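Colleague: sequence unknown, structure follows:
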């Protein structure tokens, strides 16, 4: 994400006030800081539209619901927080907002979610975040961590939460292998996802990606699958192995921030970055997020 | 933990400064708040000695090491932070300190642990925390959550971390069952631990507790096992079932904060709280933490 | 399922004879009583027709086959036992028959299935069983037990057997949570079924239910899936989580006895009982069981 | 268990009454028949003593407790049921009693354990059951079933219950392999137990048996381990494999009914039945069950 | 595979040379012999065509790629090895070639795949292998081994490798049960495959086979599924149980060597061999392998 | 293991004959080459004694027994093959023999073990193999592969077999991470062993190593455990984690070929090679293998 001096003077939304980023703060009694106890969303602003905005806010509401966290706001109010954060920083384009809603402040740090004073802590950081396509062109080195995605009875990886050491530990190992991102296997040993992005492989003209049973169900992921199906591109959504990845023609990772990022290697096995099907899906994706489809909520 | 107006005016240690608790804050760019990315310790102050102090600080150093987090301080400096926090609030007794060390502030929120400006964020909250023995006498209702302790390849539960939604989710379900705390099973179905405390059962004069393979290895836990062995009390450290708990004579939970807290029921099956062996071990425990054993680091 | 004094004088089929309910008995040497060793079926009589009758009898024959149990009767003879049980109690409507076929009497209690004198014990209990729709309207509290559905290499839950402590133990825990029925997870942590009924959730106008890989594949379940597809309702058969359940709009359970029973809560998270799609499917189901249909067996 | 015509006329205890075996019956509404919903115990009478009697009754009370089943009786009363069953059939020796306590009768068959009329159904079948030591000498063929012991969160195998299709299905497969009993693996693939007995192997003059974390913790099992430790026979309670079994010098199975029964093969691999250590442990066991030990309950000389 | 004296004098391809079968040899330093470290393929010659030839060669190249093994040859060259082996033995029909490519010779036996002198060892054994349809008619006894298919993070069973003790051990147990082949379960307990062939069951006029997530994805398997779908025979690729197998009307196993082989029993439960749907699929398969389809590679009329 | 031109002219034992290394061959019909179907042993010759010789031969006999492979030889005859291989190459010291017994030649390649003509193929390769202690001093980089040790119902890793792609695949990944050897986890996630050697860690003056339930139970491993207990060093055989490894003071790997080899890093976390306890145990081991001891077999 290619740097920008405007990032240094962005205003941050904190419980209704707009604060210089150097002074944007939360209490050391906040459930987020203490316990990792909240949910969050990343949404990208493209030519005056927030990409998949309503989808992201639905997901936030579902994730909060799953950990019995009261956002303290209607869907409309939650969206206006994001809209006002972009507006306050004069952003219409090339911008990314992180919306963080943590459970709130506690009289004393504990795990019990009932003992909360006020309501949810709401933070929105909006920044200038444009991927310089030298990063697109070279792509990512992936290493398959020894650390596994969890089953939902242990920790549901569909939740976009403030408790992220599970993923960070996978990343640390991949970095120590000389890589940029971690590929993770599911509890059965099949390819699941990456530590911060979803994972796709390309094999004989077809797009392969996990079931999503044991990883984050990214909106970029679901859009890319949808565009592929709509374009008549065969999709295999289900169980595949490292052997199938190693013999793949192409691969890429997805997320709101980078979009489609090519993979140049997995476990040291080279893949041509920006193969022909990655390019085709990339074209479809960028067309979709830059279009007047109102899945992309219009900025006031 | 029976309330105290002195709690409202405690000074909090934050990166070297002492701050009123109403104004003790960390950046919304801090790895703790964003990612749940740090380690912590609770230590109890008893008659001018910090209980098991050196043990807790060793554990912190090991946990930080496991997630490649630089505390940025020697063991001596880390202890002086705690000592000075107690000292600054005029505490010699009936006090508990939470020491929180999060990875630090980032230019932009991400998972990558390398992109850190300055070093570790260090917070120490010291409070007046005395359990009113009406809480001892009645004990806790436990419910066995459907949510499981993880294996170490998924998320090592020996780590005392800022990523706690795994445990909090277990708690939420136990509360909805009408209970106070959650009992958790290991991935094989055997009794592991509670969501915020360790778990013991008593059967025919013997103390039963998990292997600790799949839960937090509490210092209170290890002290209680040690005192029991030293007193000739038979200990079974290993795999046991809910059936064995349900047929138990007594049970209790351990942690720095409450010490030994009796259990009055598990899954609705009554147990006499403060049975005769809980009382005996409780006597030994309190004697140990109030003694001039220098495992209890002496306050300057 | 709301009382009727005719229940006290029903005749029970026992190995070819019809016996007063207070005198209907099996030997203490019977494999059913000793070992839980048999299969059973519940079939409902509606307006002169046995609902899905041949489906139930095929299932019985497959289940018996799986545990190498010789029913001792043709499909025709098995059906006539049920038909004659209804007939003997003058039942045309609002009645339920339990058909129990246990392995038989043994010289001595053991598990060896070959040491059997005579054939299968065959019992049929028919009762007057109408759900008073105040039970429909208020619905069930569900609690997700810590006890799991098994895989087929442990014990295949497709079998409708006399060995039911696996399910009853899940129920006992849910009752102690203040609930009416137990929701059960599969060995991978995904929602599977209830202890005595199959489980559906409703989310965004679609119906969600397990794969059935790890639970009882109820005929009511399969009928409701078919009716939903018939009526243009999207159906998602597969792996879903407690998070997805907790965010659902409606939920209900299925079985021959109650039909569709709404769910009022799961793990303490409230759901409005008799939501709009539960109503719709309930209407379709009742129409189906009261129609002439070739799936239904005619009473003479 | 080598046959005896007296078995045909034994009286059976059924809720306080003593009934001819041809007429010993339970209601078709009983949770035992319907749901497999009860616990049971087998106890052996040897020379006027019920072997390990209080241990069996403790186990019953714990197992009942685990499925929230009220036996309806004190430990004393439960024992008298067994004692009276032996007494009523004039049995002083060479006899086995199966005590079955099911949850009771229900107004309608369901799973809900609350809706019970009366109390527990209590049945006690006592029979003349003496193993003719030609059965000892030849021993059992074992086959390792594909069907697995469960973990405790699925179904705890320490419970001696009326729900036995889990074990029966393992047996069915072993019989179809030409064997007499099923060996079962635990969820991790280590040797656990047999479908109706516990399992021991002998290797390098030491005794090997499972941890018991994933199988029935037999009283015969616990006695054999204790006698071995008392006698300086090395005993290893823990995880071992089929490879270790296949290389073993001897093996045997334990249970109240047969005592120690030698194994003649596992998965087709021959083992000499009644090897030297099986014999030695067998001698110790029989001496123990024929002793005046206060683990054994006195039968009245009545 | 019903015998033929010509098998005794076949020439074997060994790194470019054609050698009498009595003298076809590899070094004791070869990774294949030492470590089980190679991939292989079986291909069948039918009326001048190598059945599914390019599919087998694709699979080999993927499997080699998965264990970072350099075959040392283009796809073209690899095919010519097979073609020349058939040609050298004057085989136009009724013949099977096993192509074995092991990692090569090492200066010293170790696991490290880098320290290799020369390239891959390439062996091709072609034999006369025609199944006498008395073997078709009677079919196979299956026993479900206690030994399990692995997940891909333990050992991926899609790889056709020189490390086969995992499958052989399942076979050993099934033979000791009186059977001919082993049925294996997946890590979750569902039916996966057989130790040397894929597994199908027939139930209510539909064909059932595993997902293939936990077993060898046979080309015969994939062909049979495709022919069934093409013909409007319902096919269910997914998880099913032993209970479903035991209640099945028919079953069969697939592989390049035998084609479709009926099953006469599973765990002692009899199945009529060559049931009506097995026959129909068998007819379709034989027609397919005897067709001019561009899936099949031409053998020179040389 | 540092080169010697005598290796080029060693004679190899092949079914009773002694053959030049360049001409030592097995049939392409041999179960070893085709199927990986055999067992092997490495034994080291030190100052006229074969280290732990009878232990290795007992192990071979047990492994063969487990896969129903008839060695075709008494223990005495098996040993004489090794002894004669050493003798024929004039080796008294600094030599290693690999004894390979594969199932034999088959009429046709298949997996069925009964279709064997003649008996076991027996091969013995003896070489001059001295570790130049610059290899000792620098030690090994370890990477924890994503590929797991199996349980015994999948494939028992106590067996020293000719089917080694399970271990080699773990190695390939570790090499691609920039490491020398692979650390492997057990099916529960705990540290098990290395791909070709056993694994120890040192923490606070104690030695830690796996239970051996899920890996090769090396003779060097058992010797080092025994020497440690002999020398008053606490030994912890059981389940431990990557976190515990990462915080360790030292680590090393064991095997007949190298003896004790220090570890310089695990997953990129540095460990000082030849720490004080590794040195101590290394001294004890070398003393042991150079002593007269009854465990050692005398060369004639």
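Modeller: Thanks, I have it. Numbering: from 1, shown residues only, chains lettered A, B, ... in the order given.
Colleague: OK, now which residue of the stretch 1-150 of chain A is nearest to chain C?
Modeller: residue A:66 (3.7 Å; Cβ to the nearest Cβ). C-betas here are computed from N, CA, C, even on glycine.
Colleague: Surely residue A:246 is in contact with residue A:266?
Modeller: Yes. Using Cβ atoms under 8 Å, residue A:246 makes contact with residue A:266 at a distance of 6.7 Å.
Colleague: Please say which of the two ends up with more neighbours.
Modeller: Neighbour comparison, residue A:246 and residue A:266: the larger count goes to residue A:266, with 25 against 20 (by other Cβ atoms under 10 Å in any protein chain shown).
Colleague: burial count for the residue lying closest to the more buried one once chain neighbours are set aside?
Modeller: Residue nearest to residue A:266 in three dimensions, not counting chain neighbours: residue A:142, with 4.5 Å by Cβ to Cβ, 6 or more residues apart in numbering or on different chains. By other Cβ under 10 Å, 28 other residues sit near residue A:142.
Colleague: which ones are touching residue A:142?
Modeller: A:174, A:179-183, A:194, A:199, A:251, A:253, A:263, A:265-267 (Cβ atoms under 8 Å, 6 or more residues apart in numbering or on different chains).
Colleague: I'd like to know which of these are part of strands.
Modeller: Using DSSP state E, the subset of those located in strands is A:181, A:182, A:183, A:194, A:199, A:251, A:253, A:263, A:265, A:266.
Colleague: these two touch, right, the fifth one and residue A:183?
Modeller: Yes. With contacts defined as Cβ under 8 Å, residue A:199 counts as touching residue A:183 at a distance of 6.3 Å.
Colleague: Which strand residues bridge the residue nearest to residue A:63 when sequence neighbours are not counted?
Modeller: Distance criterion Cβ to Cβ, 6+ apart; nearest residue to residue A:63, sequence neighbours excluded, is residue A:39 at 4.2 Å. When assigned by DSSP bridges, residue A:39 has beta-bridge partners residue A:101, residue A:161.
Colleague: Around chain E, which positions in the stretch 51-200 of chain A sit nearby?
Modeller: Contacts of the stretch 51-200 of chain A with chain E, taken as Cβ under 8 Å from any Cβ of the partner chain, map to A:185, A:188, A:189, A:190.
Colleague: which residues touch the residue nearest to residue A:63?
Modeller: A:60, A:63, A:64, A:67, A:69, A:101, A:159, A:160, A:161, A:162.
Colleague: make it 6 Å
Modeller: A:60, A:63, A:64, A:101, A:160, A:161 (Cβ atoms under 6 Å, 6 or more residues apart in numbering or on different chains).
Colleague: which one of the residues you listed sits closest to chain F?
Modeller: Nearest to chain F among the contacts of residue A:39, with distances taken as Cβ to the nearest Cβ, is residue A:161, at 21.7 Å.
Colleague: Secondary structure element holding residue A:224?
Modeller: If you go by DSSP states H and E, residue A:224 is part of helix A:219-230.
Colleague: Whatever residue of the stretch 51-200 of chain A ends up closest to chain E: what secondary structure?
Modeller: Going by Cβ to the nearest Cβ, chain E is nearest to residue A:189 of the stretch 51-200 of chain A, at 2.8 Å. Using DSSP: H, G, I helix; E, B strand; the rest coil, the structure places residue A:189 in coil.
Colleague: Can you report phi and psi for the spatially closest residue to it that is not a sequence neighbour?
Modeller: Nearest non-adjacent residue to residue A:189, counting by Cβ to Cβ, 6+ apart: residue E:153, 2.8 Å away. Dihedral angles of residue E:153 (phi, psi; degrees, to the nearest 10) stand at phi -70, psi -10.
Colleague: Please name the residues that touch the residue in chain A positioned nearest to chain C.
Modeller: Residue of chain A nearest chain C, by Cβ to the nearest Cβ: residue A:153 (2.9 Å). Residues in contact with residue A:153 (Cβ under 6 Å, 6+ apart) are B:147, B:148, C:185, C:189.
Colleague: Mind listing the residues bridging to the residue nearest the centre of chain A?
Modeller: Geometric centre of chain A, nearest residue: residue A:255, 4.9 Å, by Cα atoms, centre = their mean. Counting by DSSP bridges, residue A:255 forms beta bridges with residue A:259.
Colleague: Thought residue A:199 was touching it, still the case?
Modeller: No. With contacts counted by Cβ atoms under 6 Å, residue A:255 stays clear of residue A:199, the gap being 10.5 Å.
Colleague: Show me the domain layout of chain A.
Modeller: Chain A breaks down by automatic domain parsing into domains covering A:5-129, A:134-289.
Colleague: hang on, the earlier thing: okay, the contacts of residue A:39 in a markdown table with neighbour count next?
Modeller: Formatted as a markdown table, the contacts of residue A:39 follow (neighbours: other Cβ atoms under 10 Å in any protein chain shown):
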| residue | neighbour count |
| --- | --- |
| A:60 | 21 |
| A:63 | 22 |
| A:64 | 22 |
| A:101 | 27 |
| A:160 | 19 |
| A:161 | 27 |
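Colleague: Need the residues that contact the helix holding residue A:224.
Modeller: Residues contacting helix A:219-230 (Cβ under 6 Å, 6+ apart): A:52, A:55, A:198, A:207, A:235, A:254, A:255, A:256, A:281, A:284.
Colleague: Contacts only, for residue A:208.
Modeller: With Cβ under 6 Å, 6+ apart, residue A:208 has these contacts: A:201, A:236, A:240.
Colleague: how many neighbours does the first one have?
Modeller: For residue A:201, the neighbour count with other Cβ under 10 Å is 24.
Colleague: wait, it sits on residue A:248?
Modeller: Yes. Using Cβ under 6 Å, residue A:201 makes contact with residue A:248 at a distance of 4.2 Å.
Colleague: Centre of chain A to the edge, which residue is at the far end?
Modeller: Relative to the centre of chain A, and counting by Cα atoms, centre = their mean, the farthest-placed residue is residue A:107 at 32.0 Å.
Colleague: If residue A:124 is in a bridge, with which residues?
Modeller: Applying DSSP bridges, one finds that residue A:124 bridges with residue A:13, residue A:99.
Colleague: so who does residue A:248 touch?
Modeller: Shown in contact with residue A:248 (Cβ under 6 Å, 6+ apart): A:201, A:202, A:203.
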